[PDB]
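Below is one structure, written out as structure tokens, with a few remarks after it.
Laboratory data are not the source of any read-out in this text; all were calculated from the coordinates shown. Methodologically, a virtual Cβ is constructed for each residue, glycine included, from the backbone with ideal geometry; neighbour enumeration extends over all protein chains shown.
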Amino acid sequence: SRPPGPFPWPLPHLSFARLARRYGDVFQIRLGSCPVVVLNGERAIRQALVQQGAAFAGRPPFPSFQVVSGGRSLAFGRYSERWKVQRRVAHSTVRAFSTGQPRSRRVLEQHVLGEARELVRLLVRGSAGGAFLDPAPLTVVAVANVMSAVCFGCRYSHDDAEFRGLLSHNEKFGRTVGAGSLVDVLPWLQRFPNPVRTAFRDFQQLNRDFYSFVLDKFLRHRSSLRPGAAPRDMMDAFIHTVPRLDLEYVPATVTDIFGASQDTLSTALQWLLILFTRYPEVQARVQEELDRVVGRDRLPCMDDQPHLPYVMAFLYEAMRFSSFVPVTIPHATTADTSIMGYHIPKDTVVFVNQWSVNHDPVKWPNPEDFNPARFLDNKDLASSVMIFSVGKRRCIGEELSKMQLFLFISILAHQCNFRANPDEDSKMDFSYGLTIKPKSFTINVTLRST
Ligand code: HEM
Ligand SMILES: O=c1cc(-c2ccccc2)oc2c1ccc1ccccc12
Ligand SMILES: O=c1cc(-c2ccccc2)oc2c1ccc1ccccc12
Ligand SMILES: O=c1cc(-c2ccccc2)oc2c1ccc1ccccc12
Ligand SMILES: O=c1cc(-c2ccccc2)oc2c1ccc1ccccc12
């Protein structure tokens, strides 16, 4: 009555496809001490998260998830009548900046082009001569600075000590999440001294310390915001949006907002850049379009988003091709329910394999081939690209990140031409972990004319 019996796992998102190509689109595995249901087909995923949304809108009660954002994290909070309220106002407030309305063209846009302009500088200048440089560190800083200005209005300068403290936080966080995830499925590691416990204890103090940082900006904001003024950033907007929830939920969602923003947008920029170098034809087609729609005396902006159907097509498939978020945040069942004729008890840990969707040869004919033209005359097969999830837990920053990413590649593609390194293999290897990042690579960025 239940899906193929738990197979001890590990024997990562690819192994899941290997066992989905043997025991069907839905199977179970024993993960350390936790039993997990893996969904792979789009049928299984859409039928679970969309048609049976409420039944799957939950989250496990993992140790990792408890200290993040001071316990009121939206990304990891359980499914509650109060979480539903948080999500509703969270999603609505952050998409208010995705749009082209006044709010958005004030906070997001001119901070993005402000940092994009700064980034093409450091690239063009870092490749001076025939020099080559690794762009990955510059995508982390760029993404951290933009969301800094978006959540607290503070667009730091790369000298700033407070900013070098944010970058340092993000690094330590990425270096200890592994330990946190290991304590989630092997909780017996908190019983005796070990490296994972020391790293997990470091993990949790890291979150306490950073949520403390965000909660400081919350007061200085609330203390300083006159009642008739429009929001200077996204924490002002959340202050204005105030069952009902504690005042402390405001900085908790703003910590989630900044947090989930870092490694994801960083990883995306790295994919967009390496793809330009390994696929010069699309680089040429992309930028040449920007000329026909933006000219050559002004940097692109949000007003050009609809008149640039290809730059988005290049984005929508960059996401499909890499699927750098191959598995969403673990889900949990709110009650007993059915999937593909399989019984699922309540409170079961369920994984969601997005990579299986974006690489099922049936759905996308030649999945391992890069061709943005898939999404062109598109409108609603770009919504089939599953890099953000679907259902009640779908990313609340979907539209904010494709709007922010677009501006980055448009300003970058508008100003410069990106060249690969000849000493490097024409192939793109993949670096797995947290996200699927392109293994270290070099590029030479030059200022173009056309
Ligand atoms: C390319 C950039 C991004 C990608 C690919 C991405 C992807 C995802 C994924 C896969 C999830 C888990 C969904 C699930 O478990 O079903 C998620 C959740 C979430 N994302 Fe993003 N994300 C990105 C950027 C952002 C940004 C910029 C924000 C905020 C401005 C954000 C805010 C959130 C939040 C709050 C959640 C938790 C929502 C919930 O659990 O109800 N993300 N995202
Ligand atoms: O401080 C964080 C760092 C990071 C992080 C992740 C990868 C690399 C570097 C930092 O993520 C988060 C953070 C905080 C809250 C989050 C809530 C939901 C999802 C992610 C969050
Ligand atoms: O515990 C996790 C395991 C895993 C995981 C990843 C690959 C294979 C098995 C589990 O992923 C996540 C976990 C927790 C939070 C996450 C947030 C965003 C994206 C992924 C997350
Ligand atoms: O076997 C693994 C278990 C786990 C794991 C980690 C924490 C809890 C449970 C399983 O993660 C990975 C595994 C294998 C490869 C990975 C590659 C990149 C990122 C994570 C990987
Ligand atoms: O971005 C993440 C990726 C991952 C992750 C874990 C395993 C494989 C790939 C990504 O985990 C987390 C993330 C963020 C916050 C977390 C908080 C508690 C526990 C795990 C978290």
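Exposure proxy shown here: for 395, 34, the number of other Cβ atoms within 10 Å sets the order, fewest to most, as 34, 395.
Toward the positive end of the charge dipole of the chain, with +1 on the Cβ of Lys and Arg and -1 on the Cβ of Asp and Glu, the farthest Cα among 123, 339, 294 is that of 339. Could you calculate the FRET efficiency of residue 88 with residue 212 from 1/(1 + (r/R0)^6), where r is the beta carbon distance between them and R0 is 22 Å, rounded to 0.05? After rounding to 0.05, the efficiency reads 0.25. First check a/c for region 228-340, with a ≥ b ≥ c the square roots of the eigenvalues of its C-alpha gyration tensor; if it is under 1.5, answer rounded, and if not, answer prolate when a/b is larger than b/c or oblate otherwise. It comes out oblate by the Cα gyration axes.
Helix content alone sets the calculated 222 nm mean residue ellipticity of the chain: runs of n ≥ 4 DSSP H residues at -39500 (n - 2.57) each, divided across all residues, give -16500 deg cm²/dmol.
Report the calculated FRET efficiency for residue 121 and residue 1 (r = Cβ-Cβ distance, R0 = 56 Å), to the nearest 0.05. Step by step, r from the Cβ atoms, then E = 0.35. Taking label points 7 Å from Cα along the Cα-to-Cβ direction, residue 371 and residue 101 give a separation of 4.0 nm. The phi-based Karplus calculation (6.51 cos²θ - 1.76 cosθ + 1.60; θ = phi - 60°) puts the 3J(HN,Hα) values of region 308-315 at 10, x, 8, 4, 6, 4, 4, 6 Hz, whole numbers, x for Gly and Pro.
Could you tell me whether region 5-157 comes out rounded, prolate or oblate from its Cα gyration tensor? Rule is a ≥ b ≥ c as square roots of the eigenvalues, rounded for a/c under 1.5, then prolate if a/b exceeds b/c, otherwise oblate. Cα axes put region 5-157 in the oblate bin. Between 29, 382, 282, the Cα set farthest toward the positive side of the dipole of the chain (charges on each charged residue's Cβ, about the Cα centre) is that of 29. A cut-off under 13 angstrom between Cβ atoms defines the neighbours of residue 343, and their net charge, with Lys, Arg +1 and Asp, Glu -1, is +1.
State the Cα centre-to-centre distance between region 178-228 and region 7-68 in whole Å. Comparing the Cα centres of region 178-228 and region 7-68, I get a distance of 26 Å.
Shape class of region 101-233 from the alpha-carbon gyration tensor: oblate, with a/c at 1.5 or above and b/c at least as large as a/b.
For region 375-450, the Cβ-based charge dipole about the Cα centre amounts to some 260 debye (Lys, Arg positive; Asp, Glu negative; other atoms uncharged).
Potential lengthening of the chain between residue 131 and residue 157 amounts to 6.9 nm, from the contour at 0.36 nm per residue minus the alpha-carbon distance. Counting beta carbons within 10 Å around each of 414, 240 and listing the fewest first gives the order 240, 414.
Within the straight-line cut-off of under 21 Å between alpha carbons, the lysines reachable from residue 379 are 363, 402, sequence neighbours fewer than 8 places apart in one chain being disregarded.
Here's the picture: a label point sits 7 Å out from the Cα of residue 427 along the beta-carbon direction, and within region 274-310 the residues with their amide nitrogen under 20 Å of it are 274-280. Residue 346: which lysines have alpha carbons under 22 Å from its alpha carbon, excluding same-chain residues fewer than 8 sequence positions away? Cα-Cα hits under 22 Å: 84, 392.
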